[PDB]
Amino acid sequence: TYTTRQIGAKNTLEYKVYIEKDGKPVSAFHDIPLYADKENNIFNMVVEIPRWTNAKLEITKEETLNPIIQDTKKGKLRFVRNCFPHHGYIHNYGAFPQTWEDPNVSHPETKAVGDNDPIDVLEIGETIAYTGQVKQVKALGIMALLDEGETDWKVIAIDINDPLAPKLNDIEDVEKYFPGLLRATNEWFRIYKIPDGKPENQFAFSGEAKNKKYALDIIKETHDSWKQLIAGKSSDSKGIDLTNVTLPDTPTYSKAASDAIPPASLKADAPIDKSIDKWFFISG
C-alpha cells in the first residue's frame, strides 16, 4: 500500500512529499514499479501536480529517495503561470517511475537528447489527483514535445478507476470523449513557458498524438534507459541520486535510507503570491 509522508507546508522551499510503501519511505523515482500489470499495460503513475494548480512540484532527482519538492528558478519557488483559457495545469501531471529521458544520447524520433527526467504523464481523468499519489493508469497515446530543445515526451493516460476508463482504449477515444483536449494539450505545452520569458516549445510529428502502441514503445525505451541508469552503467548519471530500498542487486541499494527519512511534519499550505492569479493572454 502506497501513502505519502509530507514534511513542511506546501508552497515553501522546505516542503517535501515522500512516497511510503507500507509506511516506509521508498524512492519515488526508483522503487515504485513502472508496471502495475505489465501484460495489461497498466502503469503506476506518480502524481506530482494536481489539475488546475500552479506550484511546479516534481520528484527531485538529487535528494535521497527522491521526494517530491517544488521546483525553483533563480532561487525562487516556481509556479507555472495561467495561460488563457487554461488555469494552471489542465491535467493531473506526473511521471512514470523507473523511466528516464536519457540526456546522453540524441533520440532519433525527436533528434534531441532527453531532458534527464522520468517520462512525463498527463492523466486525463475527472478526479483531481494529489501530490505523491500513486495511481494505476492505462496509456492511451503520446506526444513528442521538444521542450526547450530537449526530447520531452508527454504520455496521455487515464486512471483505471475513472468512470470512462472502460471506453478509453486508444488515442482516438480521447478525442471522442474529451473533444478539444488533445489540441489544448498541444497548445498548453507550446506556450506555458512564454510567461517565464522563454520561447514557445515545439512538437515533432506536427504535434500528432501517437497511439497507445507507440506510447508503450517509448515508455519501455525510457524504462530501459532507467535500467542502465540504476545498474550504474550510464556514461553520465548527472548527479541523480540512485539510492533505492527495493532493488538489492543494484550498486546503490540501501536499506538504511528509508529509516533516515524524517517523520511527517505536515503543515497547512503556505500562502501563494497573488501574482500567480494573473491570467496571461499569450500565443505562439
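Start at 1 with the first residue shown and count on from there.
J.: Comparing 207-215 with 95-103, which has the greater mean CA B-factor as deposited?
T.: According to the PDB entry, the answer is 207-215.
J.: Pick between 135-143 and 167-175: the one whose mean CA B-factor in the entry is higher.
T.: According to the entry, 167-175 carries the higher average C-alpha B-factor.
J.: For the listed residues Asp115, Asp196, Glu123, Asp71, which one has the largest C-alpha B-factor as given in the deposited model?
T.: Of the candidates given, the C-alpha B-factor peaks at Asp196.
J.: Which one of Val245, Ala55, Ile240, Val46 shows the top CA temperature factor in the record?
T.: Of the options given, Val245 has the highest CA B-factor in the PDB entry.
J.: Looking at the temperature factor on the CA atom of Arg51, which third of the chain's modelled residues does it land in?
T.: Lowest third - that is where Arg51 ends up once the chain's C-alpha B-factors are sorted.
J.: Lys61: which third of its chain by C-alpha temperature factor?
T.: Middle third, going by the recorded CA B-factors of the chain.
J.: Divide the modelled residues of the chain into thirds by Cα B-factor and specify which third, lowest, middle or highest, holds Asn186.
T.: According to the entry, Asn186 has a C-alpha B-factor in the chain's middle third.
J.: Considering only modelled residues of the same chain, in which third does the CA B-factor of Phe281 rank: lowest, middle or highest?
T.: Tercile = highest for this residue's CA B-factor.
J.: Could you place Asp249 in the lowest, middle or highest third of its chain by Cα temperature factor, using the values in the record?
T.: For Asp249, whose C-alpha B-factor we compare with every modelled residue in the chain, the answer is the highest third.
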